[PDB]
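A.B. asks: Dumping the structure here so I can ask a few things about it.
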Amino acid sequence: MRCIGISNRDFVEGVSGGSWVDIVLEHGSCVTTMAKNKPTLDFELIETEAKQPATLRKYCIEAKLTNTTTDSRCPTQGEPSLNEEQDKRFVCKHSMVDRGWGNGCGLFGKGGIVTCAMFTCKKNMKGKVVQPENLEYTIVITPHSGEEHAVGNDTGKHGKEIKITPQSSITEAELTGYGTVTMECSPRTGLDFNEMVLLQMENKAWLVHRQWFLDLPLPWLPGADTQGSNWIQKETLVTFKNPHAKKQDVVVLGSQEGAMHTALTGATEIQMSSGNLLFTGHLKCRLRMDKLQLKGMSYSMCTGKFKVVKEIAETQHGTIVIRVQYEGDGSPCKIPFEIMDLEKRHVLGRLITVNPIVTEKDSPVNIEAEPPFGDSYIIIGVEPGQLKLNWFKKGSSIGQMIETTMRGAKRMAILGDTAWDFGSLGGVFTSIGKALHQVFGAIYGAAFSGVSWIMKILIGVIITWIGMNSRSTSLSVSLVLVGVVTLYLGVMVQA
Amino acid sequence: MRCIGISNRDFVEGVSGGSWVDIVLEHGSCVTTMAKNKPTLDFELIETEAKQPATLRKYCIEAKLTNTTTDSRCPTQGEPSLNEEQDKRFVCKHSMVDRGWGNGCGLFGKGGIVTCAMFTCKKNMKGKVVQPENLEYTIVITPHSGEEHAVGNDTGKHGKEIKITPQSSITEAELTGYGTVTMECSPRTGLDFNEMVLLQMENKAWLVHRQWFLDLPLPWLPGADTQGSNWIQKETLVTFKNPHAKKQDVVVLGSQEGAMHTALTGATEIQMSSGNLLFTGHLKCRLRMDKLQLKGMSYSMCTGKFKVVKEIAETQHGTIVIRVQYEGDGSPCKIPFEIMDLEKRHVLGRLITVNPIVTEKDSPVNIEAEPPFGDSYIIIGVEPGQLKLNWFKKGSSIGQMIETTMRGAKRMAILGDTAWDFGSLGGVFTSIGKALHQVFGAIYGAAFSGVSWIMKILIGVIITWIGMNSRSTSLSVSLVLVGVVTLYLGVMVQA
Amino acid sequence: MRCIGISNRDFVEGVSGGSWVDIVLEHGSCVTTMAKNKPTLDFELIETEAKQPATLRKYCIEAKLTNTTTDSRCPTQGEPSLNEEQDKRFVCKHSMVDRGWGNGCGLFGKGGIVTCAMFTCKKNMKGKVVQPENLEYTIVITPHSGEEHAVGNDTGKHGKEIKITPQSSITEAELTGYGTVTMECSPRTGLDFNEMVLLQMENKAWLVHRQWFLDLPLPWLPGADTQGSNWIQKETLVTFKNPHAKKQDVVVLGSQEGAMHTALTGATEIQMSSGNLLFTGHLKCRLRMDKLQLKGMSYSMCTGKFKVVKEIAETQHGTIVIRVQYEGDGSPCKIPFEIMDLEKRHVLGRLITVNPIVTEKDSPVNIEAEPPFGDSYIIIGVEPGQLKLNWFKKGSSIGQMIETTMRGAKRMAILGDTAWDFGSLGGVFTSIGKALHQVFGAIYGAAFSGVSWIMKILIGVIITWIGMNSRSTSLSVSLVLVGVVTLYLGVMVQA
Amino acid sequence: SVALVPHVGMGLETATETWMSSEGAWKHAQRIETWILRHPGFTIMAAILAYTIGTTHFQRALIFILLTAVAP
Amino acid sequence: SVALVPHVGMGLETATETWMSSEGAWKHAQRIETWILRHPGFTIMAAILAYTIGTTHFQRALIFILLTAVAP
Amino acid sequence: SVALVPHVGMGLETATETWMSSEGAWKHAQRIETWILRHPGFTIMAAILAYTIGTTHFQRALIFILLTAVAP
Ligand SMILES: *[C@@H]1O[C@H](CO)[C@@H](O[C@@H]2O[C@H](CO)[C@@H](O)[C@H](O)[C@H]2NC(C)=O)[C@H](O)[C@H]1NC(C)=O
Ligand SMILES: *[C@@H]1O[C@H](CO)[C@@H](O[C@@H]2O[C@H](CO)[C@@H](O)[C@H](O)[C@H]2NC(C)=O)[C@H](O)[C@H]1NC(C)=O
Ligand SMILES: *[C@@H]1O[C@H](CO)[C@@H](O[C@@H]2O[C@H](CO)[C@@H](O)[C@H](O)[C@H]2NC(C)=O)[C@H](O)[C@H]1NC(C)=O
Ligand SMILES: *[C@@H]1O[C@H](CO)[C@@H](O)[C@H](O)[C@H]1NC(C)=O
Ligand SMILES: *[C@@H]1O[C@H](CO)[C@@H](O)[C@H](O)[C@H]1NC(C)=O
Ligand SMILES: *[C@@H]1O[C@H](CO)[C@@H](O)[C@H](O)[C@H]1NC(C)=O
């Protein structure tokens, strides 16, 4: 369940090389996999915790100045200096002013003057990092089989919750009758911290490309402040104005929090003060099957009074899924059920729940079915054939190939290399393909990284054109290079 | 007298125009000048008291370190820090070190590490700017008036020393029996001050140019003083030793003293101790006659008998001097001096002290004369002849013709165009000639300073080569531009 | 231990030529290395303590001048001279001043006047020296893997400390159980002493070479002066000056401590408070592997129960080094170690701590291996699987390969010539190479010395171009010269 | 500052929207308009220098749009 | 002086940082260059005669850059 | 350090004698020579780069002198 009506999703028919599935999940998604035997499963990856973070650096959004002063000497004769300048906890500047004669000096012409200001930070913000070893994930997989817990329940026992930390590797999935999943996460090459900079603001935080968070302007600390205030800089903020030439003074300015956010814009949202748990995983792994029997198995096929409890709407695709009602045989009673085609048998089913199974005799329970393209009959087929429903999709197999083409592609650019992890067990094609993409990706289409939206599509064109009208053969490759790739990115980038 | 046997020395002939003569004064030198009538005078510079200047800068030669604390921070985990980095009066430094499970870390690779040493000194540079508000020159002048007192007697009231502060002007020199000689002296064009940097150094001193001064490394202070201990550029001393990897500690970086000295090598030394007597330089002044007297006109002619204590010298071109204990009557008057070709008369040589006058009975005075080339016949007396003296002066024709040529050139070398201010007066060809070589020179054989024998004279030899094989005319001016010009100026600069 | 987290150090797999392996050990570097057997070895040349040196140049840097007696004469007759011009310890120079009725004596003209002073010193260097008989190298080689007693902390016993030395050479070291390691080092031709001079300053000290340290300036002195003060120079230092014309006196050039500190810059340091401990200095050594059992090659393969007790971490390239704790029964059991691939044991576990053997159980051992360029799985269990975690390198082999080359230069230089001696008997290659590189290397490793960082590079520039033009493509001989030579050498030395 | 060099080009794009997916990203061009309308002139100048500079037509067009966007 | 031609080139270049090295190794060129712009006059002229003497692409180049250094 | 800056250039001058006189006046070059003696290799080297480099006879001479000099 909780794998119906989510959009971020995909079906994985197969198990290859025996219990050998390859899957990737992007925090906000449901991963569904089918297999001739074993109740296909639903994988929801949620809370991805982290503990023991390094607060390296510490900028401040607000600033303030105190006990400011300033002085001069007289043209040339000395480059004026003030005592308190000693405590580098201030901020100062040497400037020139035509401090002449009557001014109260000596030999007019032009002189020096410095202003001092005891600095004071106000409402810093600070970042923080994490040792991969401490990225406590939470993956929760579960089996269907109707239930009141229906589709989408934020409570009950649902395939349990296997909290996984690379501080280990292979974990068991104890499932009531349903078996025991063997999951092997790849908590390391997933998101990729210690490359990331977990920073906050104030009850709102952000994950950020390291090499940036360690260069974006502002007056900083060190991640050892522990009573210091020797903000390397103090200069990025607070500025000195020299109106005309005299009363050369200093000033504080405004608490960047504003622009901060408004520059942190292109960056992903996150967590922090809620215990801290930076969402948005992009984690992959192997779903090891082997043990995953189909429960309730050893039971007849209980016949009798059947009813329905809802109609039949669908998102994902043919995700038509209907609940029923029952009275006939208490205890785990398998429920007859099919996917026939308009009267004339020659069924064409896509039953997606490895046989339902009634139970509580009072519990309505439901079912998950992927009917065909056009017309179709799902049939409860019980006693006198009791009930047959005809629904009707629209799933023209071709419109299918297309929306699929894209859909995958979308998941292509968003996972890069890793994307190929949906292709559980390759060899030659899918395997080498993953390979080629690896390098072809990391470089070139990722050798000019840092590029930007506009520019992106812009180069998409300028480049296609240096292509379009070229000179024999080669251009084909030039264009492609343009095609989708840059292009499709430019229109399908900016997360 | 004074300018007598004192090397250097310049003899000038001028009353011209009807009132003045353009003359210079180079301390260790002296210009004896006169012309028609007047007690012919000996001018000499001597002492330049610069008063109550200011202290621009203040470096240090003796630098020591203390408290030296240091701390680090494991790989990544932020740039390492320590409070003490607050007290500006400390040298801090961030560095990297290979860290392992050994030093109790976590990652290894290389963490950060920092050092902190309070900074202090002994024996400071302490430059100084003077300000021509008071750059008082001291001038000593005087007549010859024989007198067995002597001719070098730097004691007593032999000419009386005098003051000259641009604070005011016109120096009206009172001078016994003569009157009052007047001088216009421009202390405001000599040592292009407040362009210079009078420097001190523990007890040593040196007139050192501004910019050179304001570039010399070493740590430096304000010129404000009181609390010093806030020297910048401490990076001239105290060094951070990072042997191979692990560990990194500091070192004072030795004293500086003598280094400093020899670092100099160009500045002209100077006694700056006793309220500083700033020797060296060249005061230029216009000299106006009149209101003078020789105390001889209206002073009889004195008759016969002359003892002659000592012989006859010459030195700077036959400027012979002689001492004669006159006898005859009393109450001194004139003494008839003469010089003609052996036997046959023709007063062939120029006398140089148109006042050979006796003072009192006993005081074997002295007169100075310039017997010409040849073995001129000197004589002194009246009727019974009383005296003749064979005196043979070598070369003296073309030999001295060129000799003085050089003398003069060198004058031009040191003190540039300002030297035409030694000719006499307005002249025309002169005055403007000066205003020509003036900028001309200011912009070629000079307008490219920062060299030496080697580099400079070498530049010559080459400007020559090229200046020797280029078709047409131009070449020529280029050739002399070099040789004797680029060159001579060269071989002489640096004395 | 001793070689985990020390960076920049090299390793050698396999010995060859029957225990006959070639090693070059430094101070910063260390050698990890092992054969197809024998417990791996950490090789660090540590204390290189010298014992008996002598003095041959007791240089001065702060001498005061006293007494000062100056005599004079008169033009021609006798070039002045005071006896003191013979009490060696006094300095003196023949000068000339003016000399006329004015000096108050002579008979006009410029002439003789010479002066002298007592040259007593203070600060003094002490350039000791040592024959290749008085320099003991202590080598710390340690038996990899074992206990959680840190893969570091120099302190405490871990691998012994053999004391090889030119007194003898080629020695053995008793390494508990495993065996007796026996190296055949050869101080003989490493350091290249006697060309070196141990110069102590105010306490610091630099081993700078003789063939210059002798040609250095200042006041000379032999070796055991003491009550000698028969200083051979002084002239260098102190200068009694005479300006513009007359008179003069003696002055000191000033303490040069500093300057010199800033002098020998560019010649390695060396502590100097307890006898001596002259660091740095590559030492060439033979390595005998014979008597060396890997210890416990006769055991069982644990049972299972390995709760790790330390993350893992990838260190200074390669050295991934885990720490595991095993509770159980077995006792003294070999660790079941495998660095495999994703499941399908294609296993490629280059563990490099051969036969890592659990000692007395209750003791968290640890080991170090070199996982591939991508992501490999790691495991150490057995019975019910026990343990397996996940891993990922970063760069990609080829990257490392280039870095193999980085060494290539940062090795084929520095420890030049001997650079070759880094490999274990390869005959043909290594052999002829050295025989050549020692030669052609000697040329531009002879004539082209003492030249500054920059300057060398320039030679590069002008050369690479002068080659470039080419008359019968021999220029390649030229470029190859520039290439990774003139350039590299230059662009990488001085430090 | 907190004005420029945001978090664009980095490369941590995810499955969920970031901090200002549509809004800001579109706003950029939104403002080039703001400006480019505000002060025609530079448009003028640009396309002109454009016209004579380059001449490959596509050339012109290119530095025209280009130049225009560069001018804050 | 102990302030001129000091155990710099020689050799014995130990694979472990030296002394005032580094900081200095660069400070030097930095020193002159500064001077250079302190007196462009000399540069200007030199530059010229260089432009003249010998000359041949990089040729002229060399004479110059070299002299430039030459002067302190 | 302090060491590399001969106050000459400015040339405040005098008819007198500056601090360091002939001593430095010649040392400069003499020391250069001492050094030459030290690495005669490099002289042969420099002259080489010369004799071979460009040549107008002068050229050669010129650059030769320089290099040999320049070596700090
Ligand atoms: C979410 O799951 C919970 C778990 O059962 C469902 O809550 C039950 O709702 C029924 C009907 O109101 C109550 O009688 C039970 O007592 C509830 N169980 C408890 C204790 O939570 C809930 O219906 C589900 N919500 C949906 C529709 O997702
Ligand atoms: C310098 O001039 C002074 C006059 O002020 C001379 O001093 C007198 O010299 C005479 C004869 O030598 C003595 O009899 C007197 O006793 C001295 N009186 C004074 C002024 O002290 C002095 O001899 C001259 N010597 C020089 C330096 O030329
Ligand atoms: C360096 O070696 C020493 C042993 O020579 C280790 O220190 C020991 O630590 C244990 C732990 O409690 C003590 O019981 C021993 O008494 C210590 N030995 C002493 C006195 O030095 C040390 O741990 C090693 N380095 C590291 C960081 O492990
Ligand atoms: C700074 O100035 C404030 C005035 O608002 C004063 O209260 C405070 O004592 C001063 N702090 C010092 C000691 O500089
Ligand atoms: C510095 O160290 C000294 C001891 O050398 C100590 O007396 C002093 O309190 C410390 N604090 C300072 C002045 O840095
Ligand atoms: C010379 O020197 C000594 C000591 O340096 C000092 O007492 C005096 O000036 C002279 N000695 C004697 C009296 O000969």
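Chains: A, B, ... in order of the structure tokens. Residues: from 1 per chain. Ligands: from 1, in order shown.
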List all protein, DNA and RNA residues that have at least one atom no more than 9 Å from any atom of ligand 1, counting only C-alpha atoms and all ligand atoms, and write them as a PyMOL selection string.

C.D. replies: chain A and resi 2+148-157

A.B. asks: How would the residues just picked look written out with N, CA, C and O atoms as an mmCIF file, in the first residue's frame?

C.D. replies:
data_model
loop_
_atom_site.group_PDB
_atom_site.id
_atom_site.type_symbol
_atom_site.label_atom_id
_atom_site.label_comp_id
_atom_site.auth_asym_id
_atom_site.auth_seq_id
_atom_site.Cartn_x
_atom_site.Cartn_y
_atom_site.Cartn_z
ATOM 1 N N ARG A 2 0.249 2.365 0.468
ATOM 2 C CA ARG A 2 0.903 3.667 0.489
ATOM 3 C C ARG A 2 1.820 3.765 -0.718
ATOM 4 O O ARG A 2 2.860 4.426 -0.692
ATOM 5 N N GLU A 148 -8.030 -2.504 6.225
ATOM 6 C CA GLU A 148 -8.667 -1.221 6.554
ATOM 7 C C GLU A 148 -7.616 -0.132 6.488
ATOM 8 O O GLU A 148 -7.922 1.039 6.253
ATOM 9 N N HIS A 149 -6.373 -0.542 6.719
ATOM 10 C CA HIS A 149 -5.234 0.360 6.670
ATOM 11 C C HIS A 149 -5.150 0.919 5.259
ATOM 12 O O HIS A 149 -4.331 1.785 4.969
ATOM 13 N N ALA A 150 -6.005 0.389 4.390
ATOM 14 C CA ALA A 150 -6.115 0.810 3.001
ATOM 15 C C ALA A 150 -4.820 1.287 2.352
ATOM 16 O O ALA A 150 -3.718 0.869 2.730
ATOM 17 N N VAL A 151 -4.983 2.163 1.359
ATOM 18 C CA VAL A 151 -3.871 2.741 0.616
ATOM 19 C C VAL A 151 -3.527 4.100 1.212
ATOM 20 O O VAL A 151 -4.319 5.035 1.108
ATOM 21 N N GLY A 152 -2.353 4.210 1.831
ATOM 22 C CA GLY A 152 -1.950 5.478 2.412
ATOM 23 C C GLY A 152 -2.357 5.612 3.858
ATOM 24 O O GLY A 152 -3.367 6.238 4.183
ATOM 25 N N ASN A 153 -1.567 5.022 4.739
ATOM 26 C CA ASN A 153 -1.866 5.083 6.156
ATOM 27 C C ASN A 153 -0.620 5.535 6.905
ATOM 28 O O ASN A 153 0.444 4.925 6.797
ATOM 29 N N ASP A 154 -0.760 6.621 7.652
ATOM 30 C CA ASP A 154 0.352 7.167 8.409
ATOM 31 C C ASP A 154 0.319 6.681 9.852
ATOM 32 O O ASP A 154 0.367 7.495 10.775
ATOM 33 N N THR A 155 0.238 5.363 10.051
ATOM 34 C CA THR A 155 0.201 4.795 11.406
ATOM 35 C C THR A 155 0.653 3.331 11.554
ATOM 36 O O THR A 155 1.845 3.039 11.688
ATOM 37 N N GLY A 156 -0.332 2.433 11.542
ATOM 38 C CA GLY A 156 -0.123 1.003 11.707
ATOM 39 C C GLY A 156 1.146 0.338 11.225
ATOM 40 O O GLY A 156 2.049 0.977 10.687
ATOM 41 N N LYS A 157 1.193 -0.977 11.427
ATOM 42 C CA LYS A 157 2.336 -1.804 11.036
ATOM 43 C C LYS A 157 2.306 -2.029 9.530
ATOM 44 O O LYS A 157 1.437 -2.731 9.027
#

A.B. asks: What residues of the protein or nucleic acid chains come within 10 Å of ligand 5 when you use only C-alpha atoms and all ligand atoms? Reply as an MDAnalysis selection string.

C.D. replies: chainID B and resid 65:69 84 87 89:90 117:119

A.B. asks: Tell me as a PyMOL selection string which residues belonging to chain A come within 6 Å of chain B, counting only C-alpha atoms.

C.D. replies: chain A and resi 54+56+78+81+86-88+223+228+230

A.B. asks: Using only C-alpha atoms, determine which residues lie at most 6 Å from residue 482 of chain A, disregarding the query and same-chain residues fewer than 4 positions distant; provide the list as a PDB file with C-alpha atoms, in the first residue's frame.

C.D. replies:
ATOM      1  CA  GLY A 460      21.767  24.102 -26.329  1.00  0.00           C
ATOM      2  CA  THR A 464      22.960  22.848 -32.235  1.00  0.00           C
ATOM      3  CA  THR A 486      21.549  19.822 -23.174  1.00  0.00           C
TER       4      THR A 486
END

A.B. asks: Neighbouring residues of residue 176 of chain B were defined as those with any atom within 12 Å, considering only C-alpha atoms; residues of the same chain fewer than 6 positions away were excluded. Please report them as a tab-separated table (two decimals) with N, CA and C atoms, in the first residue's frame.

C.D. replies:
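So the final result, stored in result.tsv, reads:
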chain	number	residue	atom	x	y	z
B	39	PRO	N	86.81	93.78	-0.36
B	39	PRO	CA	87.81	92.97	0.32
B	39	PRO	C	87.83	91.51	-0.13
B	142	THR	N	84.26	85.29	5.25
B	142	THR	CA	85.31	86.12	5.78
B	142	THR	C	86.33	86.59	4.77
B	143	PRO	N	87.00	87.72	5.09
B	143	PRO	CA	88.04	88.35	4.26
B	143	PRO	C	89.37	87.68	4.52
B	145	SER	N	92.50	89.72	5.05
B	145	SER	CA	93.24	90.60	5.96
B	145	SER	C	94.39	89.91	6.70
B	157	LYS	N	86.77	84.80	16.18
B	157	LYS	CA	85.81	85.59	15.41
B	157	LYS	C	86.41	85.95	14.05
B	158	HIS	N	87.05	84.98	13.41
B	158	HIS	CA	87.68	85.19	12.11
B	158	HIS	C	86.63	85.08	10.98
B	159	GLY	N	85.81	86.12	10.84
B	159	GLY	CA	84.79	86.13	9.80
B	159	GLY	C	83.37	86.07	10.35
B	160	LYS	N	83.25	85.58	11.58
B	160	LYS	CA	81.97	85.44	12.25
B	160	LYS	C	80.96	84.61	11.47
B	291	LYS	N	77.63	98.61	-0.04
B	291	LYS	CA	77.66	98.70	1.42
B	291	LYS	C	78.82	97.89	2.00
B	292	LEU	N	79.94	97.88	1.25
B	292	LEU	CA	81.19	97.19	1.59
B	292	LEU	C	82.35	98.19	1.60
B	293	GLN	N	83.53	97.75	2.05
B	293	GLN	CA	84.73	98.60	2.10
B	293	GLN	C	85.97	97.72	2.19
B	294	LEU	N	87.15	98.27	1.92
B	294	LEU	CA	88.36	97.44	2.03
B	294	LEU	C	89.33	97.93	3.11
B	295	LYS	N	89.02	99.10	3.68
B	295	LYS	CA	89.81	99.66	4.77
B	295	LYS	C	91.24	99.93	4.35

A.B. asks: Write out as a ChimeraX atom specification all residues of segment 223-428 of chain C that DSSP puts in strand (DSSP E) for this structure's backbone.

C.D. replies: /C:239-241,249-251,283-288,306-310,320-326,338-340,366-369,377-379,388-390

A.B. asks: Could those residues be written to a file, using N, CA, C and O atoms, as a short mmCIF file (atom, residue, chain, number, x, y, z; two decimals), in the first residue's frame?

C.D. replies:
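Output file result_26.cif follows:
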data_model
loop_
_atom_site.label_atom_id
_atom_site.label_comp_id
_atom_site.auth_asym_id
_atom_site.auth_seq_id
_atom_site.Cartn_x
_atom_site.Cartn_y
_atom_site.Cartn_z
N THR C 239 83.74 50.11 9.46
CA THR C 239 84.35 51.08 8.56
C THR C 239 84.54 52.42 9.25
O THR C 239 83.59 53.00 9.79
N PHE C 240 85.77 52.90 9.26
CA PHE C 240 86.05 54.20 9.82
C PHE C 240 85.93 55.04 8.58
O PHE C 240 86.65 54.82 7.60
N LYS C 241 85.03 56.01 8.60
CA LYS C 241 84.81 56.83 7.42
C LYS C 241 85.36 58.23 7.49
O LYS C 241 85.67 58.76 8.59
N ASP C 249 86.93 58.90 11.41
CA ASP C 249 86.99 57.99 12.55
C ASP C 249 86.35 56.63 12.23
O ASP C 249 85.72 56.45 11.19
N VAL C 250 86.51 55.70 13.17
CA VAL C 250 86.01 54.34 13.03
C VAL C 250 84.57 54.09 13.45
O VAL C 250 84.13 54.55 14.51
N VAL C 251 83.84 53.34 12.64
CA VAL C 251 82.46 53.00 12.96
C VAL C 251 82.22 51.52 12.66
O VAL C 251 82.85 50.96 11.78
N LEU C 283 68.61 8.01 2.93
CA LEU C 283 69.56 6.94 3.20
C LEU C 283 69.25 5.73 2.34
O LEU C 283 68.15 5.16 2.41
N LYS C 284 70.23 5.32 1.53
CA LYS C 284 70.07 4.16 0.66
C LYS C 284 70.41 2.89 1.43
O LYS C 284 71.41 2.83 2.16
N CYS C 285 69.58 1.86 1.24
CA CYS C 285 69.75 0.62 1.98
C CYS C 285 69.29 -0.62 1.20
O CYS C 285 68.37 -0.56 0.38
N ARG C 286 69.99 -1.74 1.44
CA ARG C 286 69.66 -3.05 0.85
C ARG C 286 68.67 -3.64 1.83
O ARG C 286 68.66 -3.26 3.00
N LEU C 287 67.86 -4.57 1.39
CA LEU C 287 66.96 -5.16 2.34
C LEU C 287 66.91 -6.69 2.24
O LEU C 287 66.51 -7.25 1.20
N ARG C 288 67.37 -7.36 3.31
CA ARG C 288 67.39 -8.83 3.39
C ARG C 288 66.13 -9.31 4.09
O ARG C 288 65.92 -9.01 5.28
N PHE C 306 32.25 -10.21 15.09
CA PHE C 306 33.10 -9.04 14.90
C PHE C 306 32.37 -7.71 14.90
O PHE C 306 32.04 -7.16 13.85
N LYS C 307 32.15 -7.19 16.09
CA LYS C 307 31.50 -5.92 16.26
C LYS C 307 32.66 -5.00 15.99
O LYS C 307 33.62 -5.01 16.77
N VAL C 308 32.63 -4.25 14.90
CA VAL C 308 33.74 -3.35 14.62
C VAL C 308 33.77 -2.36 15.77
O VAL C 308 32.82 -2.27 16.55
N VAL C 309 34.86 -1.61 15.87
CA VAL C 309 34.96 -0.64 16.94
C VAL C 309 35.59 0.65 16.43
O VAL C 309 36.02 1.49 17.20
N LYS C 310 35.62 0.78 15.11
CA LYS C 310 36.15 1.95 14.45
C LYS C 310 35.74 2.04 12.99
O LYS C 310 36.07 1.16 12.19
N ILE C 320 43.02 2.03 3.35
CA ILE C 320 41.72 2.04 3.99
C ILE C 320 42.10 1.19 5.20
O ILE C 320 42.71 0.13 5.03
N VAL C 321 41.78 1.64 6.41
CA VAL C 321 42.20 0.85 7.57
C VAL C 321 41.21 0.64 8.71
O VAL C 321 41.15 1.43 9.66
N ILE C 322 40.51 -0.49 8.66
CA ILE C 322 39.47 -0.81 9.63
C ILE C 322 39.97 -1.28 10.98
O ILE C 322 41.13 -1.66 11.12
N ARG C 323 39.09 -1.25 11.98
CA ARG C 323 39.40 -1.74 13.32
C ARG C 323 38.23 -2.61 13.77
O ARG C 323 37.09 -2.14 13.86
N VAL C 324 38.51 -3.86 14.09
CA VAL C 324 37.42 -4.74 14.45
C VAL C 324 37.61 -5.40 15.79
O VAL C 324 38.75 -5.67 16.18
N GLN C 325 36.52 -5.67 16.50
CA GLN C 325 36.61 -6.33 17.80
C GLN C 325 35.88 -7.66 17.72
O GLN C 325 34.70 -7.71 17.36
N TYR C 326 36.58 -8.74 18.08
CA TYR C 326 36.01 -10.08 18.02
C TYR C 326 35.89 -10.80 19.36
O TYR C 326 36.88 -11.05 20.04
N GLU C 338 38.16 -10.52 3.47
CA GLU C 338 37.93 -10.48 2.02
C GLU C 338 37.35 -9.17 1.48
O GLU C 338 36.27 -8.73 1.89
N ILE C 339 38.08 -8.54 0.57
CA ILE C 339 37.62 -7.29 -0.06
C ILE C 339 37.05 -7.69 -1.43
O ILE C 339 37.72 -7.66 -2.47
N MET C 340 35.78 -8.04 -1.42
CA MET C 340 35.11 -8.56 -2.60
C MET C 340 34.31 -7.56 -3.40
O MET C 340 34.38 -6.34 -3.17
N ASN C 366 43.11 -4.48 14.08
CA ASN C 366 42.71 -3.64 12.96
C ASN C 366 43.60 -3.98 11.79
O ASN C 366 44.68 -4.51 12.00
N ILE C 367 43.16 -3.69 10.58
CA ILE C 367 43.97 -4.02 9.40
C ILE C 367 43.84 -2.98 8.28
O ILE C 367 43.00 -2.07 8.34
N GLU C 368 44.67 -3.12 7.24
CA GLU C 368 44.63 -2.17 6.13
C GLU C 368 44.75 -2.76 4.72
O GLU C 368 45.73 -3.44 4.39
N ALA C 369 43.76 -2.45 3.88
CA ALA C 369 43.72 -2.96 2.51
C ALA C 369 43.53 -1.84 1.50
O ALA C 369 43.31 -0.68 1.87
N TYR C 377 32.79 -4.19 -1.89
CA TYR C 377 32.25 -4.55 -0.60
C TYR C 377 33.33 -5.19 0.19
O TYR C 377 34.25 -5.80 -0.36
N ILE C 378 33.21 -5.04 1.50
CA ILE C 378 34.22 -5.56 2.40
C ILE C 378 33.54 -6.50 3.36
O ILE C 378 32.38 -6.28 3.71
N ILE C 379 34.26 -7.54 3.77
CA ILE C 379 33.72 -8.51 4.71
C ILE C 379 34.80 -9.17 5.56
O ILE C 379 35.97 -9.23 5.15
N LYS C 388 29.90 -7.67 7.00
CA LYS C 388 30.16 -7.11 5.69
C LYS C 388 29.63 -5.68 5.55
O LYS C 388 28.43 -5.45 5.70
N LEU C 389 30.52 -4.73 5.27
CA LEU C 389 30.11 -3.33 5.10
C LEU C 389 30.40 -2.90 3.68
O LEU C 389 30.97 -3.68 2.89
N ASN C 390 30.05 -1.67 3.35
CA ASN C 390 30.21 -1.21 1.97
C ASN C 390 31.25 -0.14 1.73
O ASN C 390 31.43 0.72 2.56
#

A.B. asks: Mind checking which residues fall within 8 Å of residue 162 of chain B, counting only C-alpha atoms, ignoring those fewer than 4 positions away in the same chain, and posting them as a PyMOL selection string?

C.D. replies: chain B and resi 138-140+173

A.B. asks: Out of A:258, A:385, A:14, A:372, which residue has the shortest atom-to-atom distance to chain D when counting only C-alpha atoms?

C.D. replies: A:258

A.B. asks: Using only C-alpha atoms, determine which residues lie at most 9 Å from residue 24 of chain E, disregarding the query and same-chain residues fewer than 3 positions distant; provide the list as a list in words.

C.D. replies: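 My list of contacting residues is residues 265 of chain C; 20, 21, 27 and 28 of chain E; 1 of chain F.
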